[PDB]
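> pasting the structure only:
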């Protein structure tokens, strides 16, 4: 029953642990960011980590030639599955996990999801036992994936059949439950021109983040506790 250290694999500086950082701090969990686009490699063996989180980003899952750091990340995922270390992939992270498990990743044919949307829970999987049947979550994605053969679908949606899945101790979520109001403010500033181009009202994204953040943080805490539980 070791003290928890988390590996946080980050593709975009702004797209960070969000409210997971607050939770890790609350629980005195250690964490290391691994910023692979900066050329960073593991500072410790994978066995020193109790949980690995693979965060989102705009890179495509098949774009290893453009983004050579992804090749290293895919190698880590393979090792993480073999060693059965708890793993949480979010957004791009979920798509990279799906790919490693043999599923195609591709552009969504029902438009991008940028903003606040419902997902529905379609499994009694223990990691998500505290989650409700229908949950408002934050989305920022244009790609989706097929459900890997060995995986259990845990979340679906009206636009995208595959919103979240579990395979062993590895979890993939297309959506964000870690973006609260403080993190949202950073994202809307970072992506202000994209939001303007797409005519998406940042005031409403933030107001919804303020309304949802307490419920989402509580669910995120439950998820994390269950994933690392010994």
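All right, it came through fine. Numbering: from 1, shown residues only.
> for the spatially most central residue of the chain, give me phi and psi.
Closest residue to the average C-alpha location of the chain: residue 90 at 1.4 Å, with Cα atoms, centre = their mean. Residue 90 has phi and psi values of phi -120, psi 130 when expressed as degrees, to the nearest 10.
> beta-bridge partners for it, please?
Taking DSSP bridges, one obtains residue 173 as the residues bridged to residue 90.
> can you tell me how far it sits from residue 110?
20 Å (Cβ to Cβ, to the nearest Å). Every residue, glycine included, has its C-beta placed from N, CA and C.
> so residue 53 lies in a helix, does it not?
No: read with DSSP: H, G, I helix; E, B strand; the rest coil, residue 53 is strand and lies in no helix.
> can you pull the contacts of it?
Contacts for residue 53 were tallied using Cβ atoms under 8 Å, 6 or more residues apart in numbering; they are 6, 7, 8, 9, 17, 20, 87, 88, 89, 90, 93.
> these into a markdown table, with extra columns for secondary structure and distance to residue 136?
Listed next are the contacts of residue 53 as a markdown table, based on DSSP: H, G, I helix; E, B strand; the rest coil; distance: Cβ to Cβ, whole Å:
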| residue | secondary structure | distance to residue 136 |
| --- | --- | --- |
| 6 | strand | 26 |
| 7 | strand | 29 |
| 8 | strand | 25 |
| 9 | strand | 27 |
| 17 | coil | 21 |
| 20 | helix | 19 |
| 87 | strand | 25 |
| 88 | strand | 20 |
| 89 | strand | 21 |
| 90 | strand | 16 |
| 93 | helix | 21 |
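> helix, strand, or coil at residue 136?
Quick answer, by three-state DSSP: residue 136 is strand.
> surely residue 59 is in contact with residue 91?
No: counting by Cβ atoms under 8 Å, residue 59 does not reach residue 91; the two are 10.6 Å apart.
> these two - which one has more neighbours?
Taking neighbours as other Cβ atoms under 10 Å, residue 59 and residue 91 compare with residue 91 leading, 23 against 19.
> quick one, what contacts that one?
Contacts of residue 91 by Cβ under 8 Å, 6+ apart are 15, 55, 56, 57, 140, 141, 173, 174, 175, 176.
> how close does residue 38 get to residue 99?
With Cβ to Cβ as the criterion, residue 38 and residue 99 are 23 Å apart.
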